[PDB]
Each structure stands twice: as C-alpha cells, then as structure tokens.
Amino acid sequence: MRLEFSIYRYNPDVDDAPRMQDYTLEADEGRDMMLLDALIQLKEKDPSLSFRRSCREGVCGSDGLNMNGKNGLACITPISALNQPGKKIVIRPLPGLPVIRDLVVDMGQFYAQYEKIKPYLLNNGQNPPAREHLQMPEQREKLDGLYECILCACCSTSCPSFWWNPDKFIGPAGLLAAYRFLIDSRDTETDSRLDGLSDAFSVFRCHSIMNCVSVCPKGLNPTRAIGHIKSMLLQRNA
C-alpha cells in the first residue's frame, strides 16, 4: 500500500519561507506502522529531513507533531489512524513555537514557563522526618494525573491563550506542573506559590478552551488542574 505525506520543510540557509513537500512510502499491506516509523523511513530516502525522536514508546516527549491538524506523538500514532483514501497525511510542527528546522521547534518559551512556576519541591525543613517524608496513599494519589507529564508541549501548543501570550500565560503543561507542587503534601510553600500566580496572566488566561486535554498523549487533564488552582486562588485572595 502506497502512503502519501505532505510534510513541512524549512531550512533558514536555503528557504525564503517554509513550504510543504510531497512524500511517498511503500508500506506492508497487512501491517500497521507508527508515524515515527514512517518518518525514519522517509529520512533514509531524504537524509535532509529533520525531526526529534528518542524513546519511540510515548515516554520521552521528543516527537510532538501536528498530524492532520491535531497534536500528538509520532511514536504512538498509528499510520492507520491518519490514513485516508485520496488524502495526504499532513505533518507540521507544533503550532505557535519558532521553527528551527523542518519539524523541529524551539521549546524555549515552553521551558521558561515551566521554570516560572518553580517546579521543584520547596520544603522549609521544619519538623524533618526520620527517614523519607511520610506520605499516606491518599496524599500520594493527589499526584496521580500530574507527575506523569512528559513535557512534550502537545497541550500548550494547542492552546490559543498560549499562542497570544506565551511569555505571560503559563499554559496548560506549566499549570499542571504548578498544581503538582501545590498539592504535594511535602511542599510547604503553597501560599507563596499562590501569591506568584495572582496576576491577570499566569493562570487566568485559561478560558476552558479544552484543546489541552483533547491532545494530551498521556491522557492528563490540565483544565482540571487549572480549575483547582483557580479555587485555591479564590480561597486565598477573595
């Protein structure tokens, strides 16, 4: 079976602007490869094709792409989920970020927002434990749905609020992360964290568009975490 692709190209030393290039791949009829498999095979035939990938199993977060309009990971999106008779499979970089080369975007702004929310345990050291901090299963369950983020940026690059203000709005991934520390029973700086999130932009740019939760390859829900931060902000400042 012949597979047809339309893939975004851009090299600043060669291209005036980005363009779309047609590609073709012969595939095995009775076998369903992942998009990443196809990309790797395209690069065997066009070595100039640049994209990021590593784990190939949906864990590292390297190969976020816009595939037929929708964000996801190449390594766990089957060709069969993308392929339509008479249509090309359209592969483009995550939206809103600068394009370095071909399918490779500069994740700088995404990482900057993550750093803004101080994503590390802050514990004042008072009442230190004998060994590990004791965290009951009930307290530990609160981190579930939050710690699993793989920093793929599929969510944020699908968020319009993040498109218009990537430097001010923290964006879904970053807010999910802030929340992961906000409700960690071991983190003692909840109040001071919330006090850094009270401005008009950090959190409140989220208008429940819900693009974030439809694309997350890990099935996480930034909208819900954001909702929780907003409650905490009301509880503290209203």
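One rule holds for the numbers: they count along the sequence shown, beginning at 1.
On average the C-alpha atoms of 80 to 88 have higher B-factors than those of the other stretch, with 160 to 168 and 80 to 88 being the two compared. Remark: stretch with higher mean C-alpha B factor among 36 to 44 and 22 to 30 is 22 to 30. Taking the deposited Cα B-factors for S54, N66, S202, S208, the highest one is held by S208. Going by the entry's values, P129 shows the largest Cα B-factor out of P98, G108, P119, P129.
Annotation for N124: CA B-factor lies in the highest third of the chain's modelled residues. Per the deposited record, the Cα B-factor of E138 falls in the highest third when ranked against the other modelled residues of its chain.
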